[PDB]
């Protein structure tokens, strides 16, 4: 089922100037398809490392990634006050991305329906895949849905089946989520993301998440 | 396709020469000799053109020139 | 680093390789280098032979109902490995031990790339096209127990520097003038194609429709057969140009596989086993197999009965050179 990506350290003292290490454990073998993300408070996640060893462009040459077995390690040799945020671990080998619990580095009735729109510029729906994720207050990131138009396939999570249908306007280059039935767990912040086609190197670009307060 | 094209061009020319002559040379140049000779020659020429331009290359190519369990991964540091 | 491995059905034979895609430049194709491991000495004198093969396979519906299929083996090489080393081979030998033995193949240039034609629903066997294979067998006949097969793929990538702008025009007297151009000559997969069209109509009769289409031509060289033409993506517009008047427009058209799944015989990039692959990439002529080319056709349906004026523009469709090896699977 959903590969449980357990992140052992809930929080770290992480005094400035020190070397810090974060570890991630997978229930099954996900090969080297593991990505690391950084989320500042009240902002969108930012990709740091993909393929568990390759540094994304624009990343300072201090973060390093390694994999021995199913254990994946993110190491920061030099810590700076700019580097204080939450670090997430993801695998992108199987259909559910199955994000991991965060590691903190610190020194409307159901009948109601609502729709969200993504303003994407400079992107093509056929050379990119569009993803929808959500984050509840005090919980790890949750994956809602995904669409890929070059091959024409859409995926949805188990809980959002029937009540969630995402679509894309190719002419306006826009994405829609189209909530229909809003259950108890729909109070969250909803993030719109984009990924490459024919190749997955993590959810490179993220959209400003929208805050939804539903379910009474 | 080239044999069929050549056959059709040759037969078109043959018919073009045939019909005017078969009508004209019925009482002017001769009646019994020329008309029958023209008709028989035209039919035989059309048939011979068909065989020569479509089947002869095939005869050339038939008689002569008959000549024609799962993958894995390890880390080699 | 990470290397790929395979084992024999009986388990006594193992093969190690470093890559699965071998780029083909104007220079020599990337050499195939790998290691063979006979861990036990069950082979008293029988040795391990390594063969690199290239196969071309073709078949069409009419030839199927008649009963005619075409199979050919372009390239066959064999090596007696068991009897200079690159860094990867030396590291593999050091990690493995004494049993490890190296094998190497050099693919000569001017050979066909890996291409597969889209099978229909009825056929459930091997796909048609050009494919490569590396087979290692314990023979001093080939036995399924001893032998192992690994499918490799020779591929090409988009050139670093693009060429001139593809532009073409025609004139026709009864006059009417047509001209068209493309933004660039090299397009990546999934990127929209933008074409500029411009027409000058001075004859009394007007034009009523404008059609823009992307056509794929697969020239099957061996076992001579007609090439494969296919309208991958079409855009039809109702536009009128008055006499003594001009008309200019810009159109955008994008090919993809979602709408072309039902077509049979469409050329596609090489598949390892069954994974979804995009449309085939144009072959660099710079051979002996399926040569894939792409063109765009713009047509004006002039007047009433009537005829059309057409212009064809050739463009190259490929992948940029990637930093990482393609997964050859579905990434999610």
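Assorted remarks:
- The range C:126-174 pair-distance distribution - Cα-Cα, 5 Å bins, rounded %: 4, 11, 12, 11, 10, 9, 8, 7, 7, 6, 5, 4, 3, 2, 1, 0
- Computed over the range B:1-62, relative contact order equals 46 percent, with contacts defined as Cα pairs under 8 Å that lie 6+ residues apart.
- Cα-only radius of gyration and Dmax that characterise the range C:137-258, units Å: 23.3, 82
- Sorted by Cβ neighbour density within 10 Å, fewest at the top, the residues C:70, C:82: C:70, C:82
- On the principal axes of its alpha carbon atoms, the range A:31-147 extends 50, 36, 31 Å, with the longest extent given first.
- Using the empirical formula 2.2 N^0.38 Å as the baseline, the Cα radius of gyration of chain B reaches a ratio of 2.43.
- Its Cα gyration tensor gives the range C:265-332 an equivalent ellipsoid; the semi-axes, largest first and in whole Å, are 35, 15, 13.
- For the range C:1-48, the Kirkwood estimate of hydrodynamic radius, built from reciprocal distances between every pair of different alpha carbons, is 12.9 Å.
- 23 Å tail of the calculated P(r), the range C:212-322, as % of Cα pairs: 42 percent
- For the range A:155-216, average projected area of the Cα convex hull in nm²: 5.4 nm²
- Separation of the residue C:250 and residue A:178 label points, Cα + 7 Å toward Cβ, nm: 3.1 nm
- Here the scattering of the range C:36-180 is modelled by Debye summation over its C-alpha atoms, one equal scatterer each and no solvent; at q = 0.09, 0.15 Å⁻¹ the log10 of I(q)/I(0) is -0.52, -0.98.
- In summary, the range A:87-191 shows an alpha-carbon radius of gyration equal to 1.15 times the 2.2 N^0.38 Å reference for compact globular proteins.
- Diffusion of the range A:69-108 by Stokes-Einstein, at 4 °C in a medium of 1.567 mPa s and with Rh set to the Kirkwood radius over alpha-carbon pairs, works out to 103 µm²/s.
- Contact order normalised by residue count of the range A:126-216, Cα under 8 Å, 6+ apart, percent: 29 percent
- Placing pseudo-labels 7 Å out from each Cα toward the beta carbon at residue B:73 and residue C:123 gives an inter-label distance of 3.2 nm.
- For chain C, the C-alpha radius of gyration divided by 2.2 N^0.38 Å, with N the number of residues, is 1.26.
- As computed over the protein assembly as shown, the Cα convex hull volume per residue (Å³): 255 Å³
- Inverse mean reciprocal Cα-Cα distance (Kirkwood Rh) of the range A:1-96, Å: 13.9 Å
- Kirkwood Rh and Cα Rg combined as Rg over Rh, evaluated for the range C:156-211: 1.13
- Average projection, convex hull of the Cα set of the range A:1-55: 5.2 square nanometres.
- Built from the Cα atoms of the range C:236-277, the convex hull projects on average onto 5.2 nm², one quarter of its surface area.
- Overall dimensions of the range C:56-139, expressed as equivalent-ellipsoid semi-axes from the Cα gyration tensor (√(5λ), whole Å, largest first), are 37, 14, 13.
- Hydrodynamic radius of chain A by the Kirkwood approach over all distinct alpha-carbon pairs: 18.1 Å.
- Exposure proxy shown here: for C:176, B:51, C:222, the number of other Cβ atoms within 10 Å sets the order, fewest to most, as B:51, C:222, C:176.
- Number of partner chain Cβ atoms within 10 Å, mean per residue of C:321-332: 5
- Average Cα contact separation per residue, the range A:1-68, under 8 Å, 6 or more apart, as relative contact order %: 21 percent
- Label-point separation in nm, residue C:306 to residue A:13, each point 7 Å along Cα→Cβ: 8.5 nm
Cβ sites come from the backbone with ideal geometry, for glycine too, and all protein chains shown count toward neighbours. Bear in mind that the values in this text are calculations on the coordinates, not laboratory data.
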